[PDB]
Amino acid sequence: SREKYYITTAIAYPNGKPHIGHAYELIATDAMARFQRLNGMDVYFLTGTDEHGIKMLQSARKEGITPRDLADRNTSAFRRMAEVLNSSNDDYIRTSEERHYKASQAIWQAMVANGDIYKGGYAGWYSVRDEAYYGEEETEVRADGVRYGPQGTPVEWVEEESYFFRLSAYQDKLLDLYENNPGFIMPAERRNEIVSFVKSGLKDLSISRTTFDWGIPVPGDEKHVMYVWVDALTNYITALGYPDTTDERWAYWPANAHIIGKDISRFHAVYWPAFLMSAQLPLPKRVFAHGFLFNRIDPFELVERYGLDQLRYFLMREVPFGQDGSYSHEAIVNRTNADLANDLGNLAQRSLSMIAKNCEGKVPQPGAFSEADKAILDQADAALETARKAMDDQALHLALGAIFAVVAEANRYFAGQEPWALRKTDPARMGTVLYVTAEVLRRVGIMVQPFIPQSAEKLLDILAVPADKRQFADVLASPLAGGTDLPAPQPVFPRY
């Protein structure tokens, strides 16, 4: 019985087209999910779309179609993005689906049963100019006879009927969660902003609207529809068949990792665990927030220009996962050409071309390993353990850095050994250097699979590695057998 691993992306708002922020999140989470599959886990990987709300109703009114029709049309682009990005998601969740309507209504009833939902209103001062709420003390009536907020704009007393979740009851329980799980909300900078926020006191949370019907109705009060909080976050349990706990997929709960953007960190580390606690459900083991990408841009055009695995590699390598980063035409071209086309690509071509020409297209029979041979072989084995430990802390750049440090060293190894000169001098020793090179390329090939799957598959194909020997366990246990026929080598990473 393989151990279970549930991982998710935050669900995208399909109000516009797919931006690069959505692509980045999906790529990172896809790589993590693939990594765990290869590491032996029973993986479930989810992504999807948040389709309700006032902005979506208004967009639909503008184009002269129903909100559902619009939701269908715009979400197809996000489905197509997942396909073009080579996403290995086992399901695609859409908030408009019946299964989500039932699951959101179920968790709402569970929270009503726990005594955490009441009907009331959100009565206070609102600045229409600042688009924010204020307490009375932050305001001041001026000579106008008009009340102003703290930013010098008028405020107006807005009053709207709303259901509330009793978030004020979960302060001490959430603080206990953070003390008992240091890794619940990462990276470290996110945690501190969450702990500081919860310490300063939590007020009860508005969870329904009366201003639009494009939403999930509130049970026993259909004039209200559910606001974003209960709707969007419940997608993670909808995908496992909630509220049916007899479903085969329900064993995947709790989620091992919710991968999200930094902007929605509060909603996944404060509101979401409070809801789960109220509904008598276990909490996710980690929420990891990534940073944003700036242009120092449409993900379909980037993939077409630079290549998919080139983009996947760059985003995961150059930006430390958690921090903000940049991408430019110059940076993508340089770093992919250097690491993929030159370092990994040419090392495969030079070595495997020598096997095709000098060793009759067969893996050479290796003799004794020198101290140089051992070092590069052991460094490749050690990269897997550094990669495993890094991926537990969502440090994708550190995983790729360790794997491509082996590639860089293997190039220096191959060059120092001078196999070309050994062809005349000592053919048997040439065979050993070429064996060692191919063997390191196999180990690297297996290890890079989650990050660059199609290109990794090609490399392993030209090493004649069978389909059932491409797990991480095969790095130590399934080395290349001398005498095996290899197909004619072709370049895996063409230069830009």
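Numbering starts at 1 and follows the sequence shown.
- Coordinates are absent for 10 or more residues of the deposited sequence placed between residue 296 and residue 297.
- Legend: mean Cα B-factor per stretch from the PDB entry, 460-468 versus 56-64; the higher mean is in 56-64.
- Here 152-160 and 236-244 are compared by their mean Cα B-factor, and 152-160 comes out higher.
- Ranking 268, 102, 424, 374 by the C-alpha B-factor listed in the PDB entry places 424 at the top.
- Among 231, 381, 116, 301, the highest C-alpha B-factor recorded in the PDB entry belongs to 301.
- In this PDB entry, residue 428 carries a Cα temperature factor that places it within the highest third of its chain's modelled residues.
- Among the modelled residues of its chain, residue 387 has a C-alpha B-factor that falls in the lowest third according to the deposited record.
- When the modelled residues of the chain are ordered by C-alpha B-factor, residue 481 sits in the middle third.
- Remark: residue 475 belongs to the lowest third of its chain, ranked by C-alpha B-factor as recorded.
- Per-chain ranking of the deposited C-alpha B factor places residue 285 in the lowest third.
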